[PDB]
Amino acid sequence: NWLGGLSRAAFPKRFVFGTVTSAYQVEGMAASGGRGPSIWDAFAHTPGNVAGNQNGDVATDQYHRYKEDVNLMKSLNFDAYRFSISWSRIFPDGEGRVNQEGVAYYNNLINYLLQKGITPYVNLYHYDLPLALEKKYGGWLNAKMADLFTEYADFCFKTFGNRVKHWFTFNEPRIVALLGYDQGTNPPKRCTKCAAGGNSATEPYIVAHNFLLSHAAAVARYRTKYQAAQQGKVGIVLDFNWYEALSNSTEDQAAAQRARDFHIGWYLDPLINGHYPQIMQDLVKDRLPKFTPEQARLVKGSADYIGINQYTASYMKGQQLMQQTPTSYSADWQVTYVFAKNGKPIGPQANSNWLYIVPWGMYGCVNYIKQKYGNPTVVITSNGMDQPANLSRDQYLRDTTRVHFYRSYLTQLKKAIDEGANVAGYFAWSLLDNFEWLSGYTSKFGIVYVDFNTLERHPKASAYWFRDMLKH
């Protein structure tokens, strides 16, 4: 049967199912309703930066249509909705003056979700630093971000926290560090060779440290000022793609483990254990910032749950560890990516070239976190796959590959949960086709099709799959 034995009965009691978007990717009204620009507004308006020179000015226009989209998610039997608050929609300059019109939007959205029985899971940050903070402070290179972020978070807790009980601070700080400061392909476009300046060997580590310190500061403020009255929770969202040793050799197994540590351990070892991974300390040395004992104690235990964004898996091949002049966070891992084993690719690709369909990577990642980090509460905060540009409406709707994707990946998640993994929820990326960053509107991740000419929504087969699987 097309559900493949899946239903709410196949998951733990009270397990949360939801869909996910982010502010810049779906809201539109980017320069309206009082919103100030983010670093993504500037980046996307520069010719050549995004496919088709497209941008999020209008996006899906969820800003005007949010009640349609909430009605849709309820009709599809979801329990929850993960979305983000745009920092610059609340504080156009990132600090100081509050944009009351922006505040009213999120109040209206939160209130409608609750009216319709959908639980809001709210991200404070999703790639969209206010441009004013980038220019005035240097963004995530500046340790002052901890204070700036805490003040923003404090405002959101005070204003929405009587209703919002499930918060996340950040989304994928690894990708900000990697693409923003190592490879220089996302804003602020910093890297050793880059026109904007930078240093691919140092800046990614500075940025990660500042995200951890900022997360910890915001959580400390929540716990000391707001938690007694509000009785909510705050976590963080981290990307994790699986790494599998190419062979059982000592060096291939070590390579795969080095990649896990440089990928997820970079954040989880501080958040769970209060220190960076030993291998990162060993290889990165004085380029890796040191937490003071006090900072380490603030960071440790500061996530009430761990959001994992999970998509794909890679084979890893090793090498003898070498003394090397530092060049980048990427080169620091000393690993070799391989995309086939025994003459077979690890999986077929979706539309995005990085996205190999490997359902067992979901099991890999979840099992790994369970066994290594004392089985922390995990929420799968994004998982999904994309269709290419230029299909007909009917072709978008008949998304049989995405149906197969969710069935297989959720079957693997079920396997990990049935073995004891403490997973509390699962969220599909995305509710809607939307603005896919460098790919603009050429990549379609939604379970609901969005016609970008007319802005009409049409549920795809995968939406109806969820509706059938999730019926109460």
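Residues carry their position along the shown sequence, with the first being 1.
Across the two stretches, 161 to 169 and 341 to 349, the PDB entry reports the greater mean Cα temperature factor for 341 to 349. Here 132 to 140 and 323 to 331 are compared by their mean Cα B-factor, and 323 to 331 comes out higher. The top Cα temperature factor in the record, among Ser88, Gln278, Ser84, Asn107, falls on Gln278. When the Cα B-factors of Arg35, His45, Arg407, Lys444 are read from the PDB record, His45 comes out highest. Split the chain's modelled residues into thirds by C-alpha temperature factor. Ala10 is in the highest one.
Ranked by C-alpha B-factor against the other modelled residues of its chain, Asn453 falls in the highest third. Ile357 sits in the middle third of its chain by CA B factor, as recorded in the PDB entry. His126: CA B factor lies in the middle third for its chain, per the PDB record. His215 sits in the lowest third of its chain by CA B factor, as recorded in the PDB entry.
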